[PDB]
Amino acid sequence: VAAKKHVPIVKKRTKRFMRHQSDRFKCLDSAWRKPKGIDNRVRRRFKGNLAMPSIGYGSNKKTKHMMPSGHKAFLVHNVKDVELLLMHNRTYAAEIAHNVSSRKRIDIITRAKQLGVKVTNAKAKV
Amino acid sequence: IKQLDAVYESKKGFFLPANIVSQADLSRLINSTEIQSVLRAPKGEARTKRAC
Amino acid sequence: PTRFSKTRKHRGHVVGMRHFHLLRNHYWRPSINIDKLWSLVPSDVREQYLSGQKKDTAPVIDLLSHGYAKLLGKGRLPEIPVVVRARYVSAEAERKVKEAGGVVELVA
Amino acid sequence: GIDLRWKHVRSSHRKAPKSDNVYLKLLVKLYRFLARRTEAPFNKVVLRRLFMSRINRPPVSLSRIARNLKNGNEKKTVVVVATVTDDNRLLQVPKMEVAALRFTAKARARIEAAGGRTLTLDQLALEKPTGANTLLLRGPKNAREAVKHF
Amino acid sequence: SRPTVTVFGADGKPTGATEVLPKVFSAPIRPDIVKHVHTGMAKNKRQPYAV
Amino acid sequence: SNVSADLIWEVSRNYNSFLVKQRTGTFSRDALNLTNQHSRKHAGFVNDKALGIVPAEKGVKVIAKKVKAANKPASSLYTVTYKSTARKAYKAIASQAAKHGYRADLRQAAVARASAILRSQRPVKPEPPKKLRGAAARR
RNA sequence: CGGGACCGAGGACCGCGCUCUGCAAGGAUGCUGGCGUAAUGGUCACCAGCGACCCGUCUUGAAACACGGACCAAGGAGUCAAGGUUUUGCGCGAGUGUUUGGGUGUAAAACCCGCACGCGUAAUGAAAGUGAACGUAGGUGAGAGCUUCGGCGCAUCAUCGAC
RNA sequence: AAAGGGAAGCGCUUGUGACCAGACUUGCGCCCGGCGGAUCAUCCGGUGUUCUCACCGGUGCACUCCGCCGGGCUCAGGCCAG
C-alpha cells in the first residue's frame, strides 16, 4: 500500500567517498580508507581535494534507512518471514533474499499481496 | 525429583545461595501503597509540550 | 581473547648472619590470640557456654590439635574458666586467662 | 570561532553499574524511581552506592555494626550497601535490624539467633521508602594491600 | 507450605500423586554467571593443536 | 520469589529464539506478540497477562494468558474463535482487552491486528499491467 | 506605505496575548493549471567554467636532499607461555583454593571426595627472643546520612594520646 | 561509443547523449437502486473465562444485519509549477 506520511527525504550528499589514488592504482579498491600519512593533502583538507566522511553528513533520524517510496527494507526468506510485516505494511517493505527459489518467491509474493506488503524485487525469477 | 533435595543437601561446602532481591516483582514493589503514599507529586508528563 | 586486544584496534596505525643448612621445621610455632580462642570451641557448646548453661564445666582446649604452639594476648576474654594446653604462652595472655579464671598448662 | 579558556567537563562518576546482575538491574530501576520521585537524600546516596564497584564497597562486620549501634542507635535500622560479614571476636551479638546487599551465612545465622532481622534492599524500600530511622554505614575503604602499597 | 508438582503416568494423565517441589527451583537465575561458567567448561574437552 | 515478568524480560531482552534483528529494526516471532515488535510492552512470553491474534479459516482466533495456569502450558491459553461480523469481533476483543483491566494498553494494537487479518482474508484485486517505459525497454 | 530574495522546522488541545462572533497570538495554508511519464530524479561517458604538485618513509625547528614504488593475484609482520602489578565482572568470606591424587562416568567431558599444602588471619629484631585494650577500642575539629530537632555522627582527613 | 593544438588522472556545478530505479494506475466513508444470503437485537440452555465478558445449539422472517453490482457525493491521493 501507500507509505505512511513522512518528512521529505533529503540526502546531504549522493556521491560516494572515493579512496585517494584508487583512480590511478588498480590494486587500490575505491572503498574509503582514511589517509594516515602526515603530509597527505586529503588528510590535511586542502581545497580542491577529495572530501572525507564525517558525522556532519549524517541522515535525518526521521528519514534514515528509508527508500524513496517511504518504506524500510526488511529481508525475508519465507512466508513466515513476510507475515511478520502484517502490522507494518505502511512502514516496511519486504525484500526477498537472493537465494530463495522461484516457487517460494511465488508463495511470498502471493502472501505479500494478501497482506498489502510491498515487495521491492517482485519481478525476480519470472 | 524426590532425590534432588538430598543431592543438594549432600554437597559439602556449598549451600543454596541467598538472593540480593527478595521480591522480584518490580511492578508490585513500585505500585505498592507503602511506596506510592510517600512519593512526591509528578513534575511533568511523558510528553512535554514545546514552549517556544 | 584476541578480539578484545588493543592491537586489533591499532591494525592500520603501526645482611647480618648466615644460617647454613636451615631447617624450617625447627622454628615452627604458629600463634593464636585469646580473642580467637573461643572460636576453637565447637559452635553449639560455645553458644551454651556463652549463654550460661554450663556453670560447673570448664572447656579444655588443645592448641596443638588445631595447629598452634603459642598463645598470644591480643583481645579480652569473658569471665569463663578455660583450661588451655599450649607449648608456649605470653605473659599478657596468661595474665588475661588468670583474670578469666582459667589456667594455662604447658605441654610439649 | 569562540575563545574558550575553560573547557566543559564530562562527568567523572558512574551513571550505571558495570555488573550484568539482573537483580542488581532491578534494584537500580527501583532506586532510580525512588530517587526521582522522592526528596529524601538517602535514596540518592543508596542509588549512587549501588552503582559502585567492589573495592568501593568494602565489607562491614557485625562488630562494626554493634559499635555503631551504641549511644541511642539501638533501634535504628542499619543499612549497608556492601556485604555483611561475621566477626568471631564478637562473642555476644546484640539484637539488630540490618538491611544489606548480601550477608554471609554466619552473619545471617548469628543475627537471626541473636533475634534481629535481615533485610534486602527492596524490603528496605518497602518498609522505609524515605530512609526514616536509618543508620547508613560503610566499611574501611583504605583497608587493602594495594592501598597500603600506594 | 511448599508447592507441589503433579506426577503423570505412562498415559500422559495424572496419577493423583503430587510431590513437594525441591528447594533448588527457587534459586536465583543468573545468566551472567551461567555464561561465565559455560565459557569456562566449554574449553575443558579441547585437544591441543600445534605445527 | 525469584521469578517475575521483570526478570524474564531482563533475561531475554538481548537474545531469545523469537528475536529477528536486522539493520532497519528488531522484530519478534512470538505468538503472543501484537505488532511483532521486540519490547517489554509487546513481549507476550514475558508478560503475565498477554494477548495474541492468529488468522483462522474465516475470521480471527484470540488467545489470552491465564494467570492461574502459568506452570501448565497445555491449559495456559484461553482461546476464542471469532467467525462473525468484524464490528462484533472488534467489540469482543476490546472487551477482553480493556474492560476487566487485562492489559488495557494492548487494546488498540489488538483491534488493529484483528482488522489487518480481516483485511488480509479479503479477495485480492488484480494488479494493472506493467507499462514499458523509455527506449531500451519499450523497443 | 511599498518592491525583491531565501526559508515553512513542528504535528489533537493546553500557553502568553490581542484589534475578542474572531485573530498575523507556542513554526504554511488556501486556490488553480499542465502532465502522469523517463516529464522530475538518478547513474555512466564527454565537453565547459573554476579549483587541484606523487604517494609512502626519514631528517631537523622545518623544507630541500635522500630511499622504495613497471603492473596484477595470493602470502606477509606486537604472538604464546610463565611471573608481577593496577583496574573491571563474579563466587565465598576470616577464611579461601575440587581437578597432585582417590571415587565415579553415557569415558580426555560432567559429577563427587578429603588429608596435607599455598596464600590470608601478627609483627619486629642480625640473632637469641619477645609479641599488640587505661578509657562504651581514647580526646579534639570537620564530615554524608539520620534525628525524639537536644544531638548521633559512616568512609576519610588533620592533630594529640595509648599498646 | 567517445575524446585528443607539448601529459593524463581528481573536486565543485550545469549541459548533451546513453541507460535506469522509483512513484502512479485509485482507496476510504455516506445517499440511493438492484441482487444473493440469513454467523442481525432480545430471550433460553451449555461451556470457557479476566467473574462479567464471550463462544456454541434454538429464536430473527427481512424498515434488521453481511457481501456483491450500478450510479451520485465528500475526503485523501503522484510530478512540476503559478
Side-chain angles (χ1 to χ4, degrees), chain A residues 1-18 29-32 51 53-126, chain F residues 19-29 33-39 42 109 112-113 115-117 119-120 122 124-138:
Chain A
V1 299
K4 189 173 72 174
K5 184 178 184 293
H6 57 88
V7 298
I9 304 183
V10 172
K11 311 287 195 179
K12 290 176 177 167
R13 176 191 165 107
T14 61
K15 195 171 183 176
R16 299 191 67 94
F17 288 90
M18 176 195 105
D29 189 359
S30 66
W32 168 254
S54 63
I55 208 69
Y57 285 99
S59 199
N60 200 332
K61 279 178 296 175
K62 300 183 170 189
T63 292
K64 195 171 180 181
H65 296 304
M66 293 177 70
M67 66 195 60
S69 78
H71 294 93
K72 292 182 179 182
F74 183 74
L75 201 61
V76 290
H77 295 254
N78 47 56
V79 173
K80 293 187 286 185
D81 291 331
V82 74
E83 292 185 77
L84 287 172
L85 302 181
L86 168 75
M87 295 299 291
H88 310 278
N89 54 356
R90 301 205 69 190
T91 58
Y92 284 97
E95 183 178 1
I96 308 176
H98 75 292
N99 48 356
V100 171
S101 69
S102 52
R103 276 189 311 172
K104 189 158 296 179
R105 278 174 192 265
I106 301 299
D107 306 317
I108 293 168
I109 297 169
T110 299
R111 194 78 186 102
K113 300 289 94 175
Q114 291 182 351
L115 300 181
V117 174
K118 163 188 173 173
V119 171
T120 64
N121 53 345
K123 182 63 69 177
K125 289 204 175 193
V126 172
Chain F
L19 198 72
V20 180
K21 179 188 317 211
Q22 276 171 33
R23 278 172 74 218
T24 53
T26 312
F27 287 77
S28 186
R29 294 178 186 280
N33 197 308
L34 303 171
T35 66
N36 292 116
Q37 293 179 176
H38 174 59
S39 65
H42 291 299
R113 190 175 182 90
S115 169
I117 291 173
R119 181 66 61 84
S120 78
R122 294 178 65 88
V124 176
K125 293 182 183 293
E127 293 83 3
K130 181 69 176 177
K131 298 183 290 293
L132 277 296
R133 193 162 54 147
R138 275 194 78 93

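Naming: A, B, ... by sequence-line order, numbering from 1 per chain. Hydrogens, waters and symmetry mates play no part in the numbers below; they use all other heavy atoms, side chains included.
- Every pair tested for ring-ring contact (aromatic ring centres under 6.0 Å, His included) that includes a residue from residues 106-126 of chain A fails, sequence neighbours excluded, so the list is empty.
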### Message
Would A/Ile96 and A/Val119 count as a side-chain contact (heavy atoms from CB on, under 4.5 Å) here? Give the steps.
### Response
CA-CA 8 Å; A/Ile96 308 176; A/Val119 171; 4.1 Å; yes

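- Atom NZ of A/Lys125 is surrounded by more than 12 heavy atoms from other residues, nucleotides or ligands within 6.0 Å.
- Looking at A/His65, its side chain never comes within 3.5 Å of a backbone N or O of A/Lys72 through a donor-acceptor pair.
- For F/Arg119, there are no salt bridge (charged side-chain N to carboxylate O under 4.0 Å, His left out) partners two or more places apart in sequence or in a different chain.
- Although no hydrogens or angles enter the test, the distance criterion places a donor-acceptor pair under 3.5 Å between the side chain of A/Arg13 and the main chain of A/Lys15.
- To the nearest 0.5 angstrom, A/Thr91 atom OG1 is 8.0 Å from A/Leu85 atom CG.
- Checking F/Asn36 against F/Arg113 by side-chain atom types alone, a donor-acceptor pair falls below 3.5 Å.
- Annotation for A/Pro68 and A/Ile9: closest pair CA-CD1, 4.0 Å, computed over non-hydrogen atoms.
- When all heavy atoms of A/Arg105 and A/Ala97 are compared, the closest pair comes out as NH2-O, 2.9 Å.
- Proximity of F/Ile117 to A/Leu86: side-chain heavy atoms (C-beta onward) are separated by under 4.5 Å at one or more points.
- Proximity of A/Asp81 to F/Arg29: side-chain heavy atoms (C-beta onward) are separated by under 4.5 Å at one or more points.
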Under 3.5 Å, which donor-acceptor pairs do the side chains of residues 108-118 of chain A form with other protein atoms, sequence neighbours left out?
unit_1	atom_1	unit_2	atom_2	d
A/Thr110	OG1	A/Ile106	O	2.9
A/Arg111	NE	A/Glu83	OE1	3.4
A/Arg111	NH1	A/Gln114	OE1	2.5
A/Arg111	NH2	A/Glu83	OE1	3.2
A/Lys118	NZ	A/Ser69	OG	2.9

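- In this structure, the side chains of A/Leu84 and A/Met87 stay at 4.5 Å or more apart for every pair of heavy atoms.
- Atom CZ in A/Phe17 sits 6.5 Å away from atom OG in A/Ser54 (nearest 0.5 Å).
- Side chain of A/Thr120 to main chain of A/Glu95: no donor-acceptor pair is present (N/O by atom type, distance under 3.5 Å, no hydrogens or angles).
- Nearest heavy atom pair, residue A/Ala3 against residue A/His71, reads CB-CE1, 3.6 Å.
- Considering only residues two or more places apart in sequence or on other chains, A/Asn89 meets the side chain to side chain donor-acceptor pair (under 3.5 Å) condition with none of them.
- At distances below 3.5 Å, at least one donor-acceptor pair connects side-chain atoms of A/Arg90 with backbone N or O atoms of A/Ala2.
- Side chain of F/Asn33 to backbone of F/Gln37: a donor-acceptor contact under 3.5 angstrom is found.
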Please report, to 0.1 Å, the donor-acceptor pairs under 3.5 Å made by any side chain of residues 56-63 of chain A, with sequence neighbours excluded.
unit_1	atom_1	unit_2	atom_2	d
A/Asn60	OD1	A/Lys62	N	3.3

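- Applying the ring-ring contact (aromatic ring centres under 6.0 Å, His included) test to pairs two or more places apart or on separate chains, those with a residue in residues 89-112 of chain A are A/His88-A/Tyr92, A/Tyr92-F/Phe27.
- Within 6.0 Å of atom NZ in A/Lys123, 12 or fewer heavy atoms from other residues, nucleotides or ligands are found, so the atom counts as exposed in its surroundings.
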